[PDB]
């Protein structure tokens, strides 16, 4: 006997998968599989629109690239421009049908149902198409109803994924640019601020931290030096080396960064605050500003020291050319258990190649 709720449960499960998926490619793929099953069709395709190339595009297989599709030709084309549903009972009796892809692969297209996708503001953003109904000779009025509902769901989840990406990009952008507000009074570069987070990301990942904390350090670490905004010009702008009154002030950029960042409730800012205050502490206890020792420094602080020192050593600075990989590895082996967390130093050494390809790609 059949389960009367069988398709309902299938749909619930697909909905859970989609709700969890941040990658648009996979969202599309899942929506396609969902349509094949619920519509009882052999094939399905979603076509979206590109502003820039003025085309529709789709994913063919799992894990391969966009196929360009003419936004004005074919069944997809008609539906995209007109906004109206097409239900073709025999594809070969229809002049809008491209017989080619069908004839290169040994496939036979009989039935096609295509409806548009709409955004919140009722504009046409693409097409949803199913091909070859399996359990009937044609797509029915009921099939059309169902596909329209599927289409509404597809539009929403598609939009929600785009928006979530835009918000994520904006969040990074803001952290990056504001962290570099020191640019008028301090030599450290925009890409240094970014790379420090990228190295610490690798480190947290390979140390087995939760996916969320991997994302956190990537974004918290870039802010480690923001307290420099509160250092007097006479100390920050001093050419060369520094006296032991001025040094006592320069050290305070840790405290100042903490002061700027502590007034959050988000986990991001609690971590960023910790990093700002901890990033010159040494595994030793011989760092500043408090000479904290070992696990007394949070893992995020420990991961940032390693990253920050790594980036410095590998750039040109006053009097000193960037160190190469070999010398860098020698230095870290030496400083393992001193300046740095010994555990975290091993992870970092295991992954030294990515550290360098980051430094190479982001100059």
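Residue numbers count along the first chain shown, from 1.
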208-216 versus 92-100 - which carries the larger mean C-alpha B factor in the record:
92-100
Would you mind comparing 315-323 and 290-298 for me and telling me which has the higher average C-alpha temperature factor in the entry?
315-323
Reading the B-factor column of the entry, which of 66, 336, 36, 330 has the highest value at its C-alpha atom?
66
Third of the chain's Cα B-factor distribution that residue 133 belongs to, per the entry
middle
Temperature factor at the Cα of residue 350, chain-ranked in thirds, falls in the middle
State the tercile, meaning the lowest, middle or highest third, of residue 116 with respect to the CA B-factors recorded for its chain.
middle
On the chain's distribution of Cα B-factors, residue 308 falls within the third called lowest
Rank-wise, by C-alpha B-factor, drop residue 252 into the lowest, middle or highest third of its chain.
middle
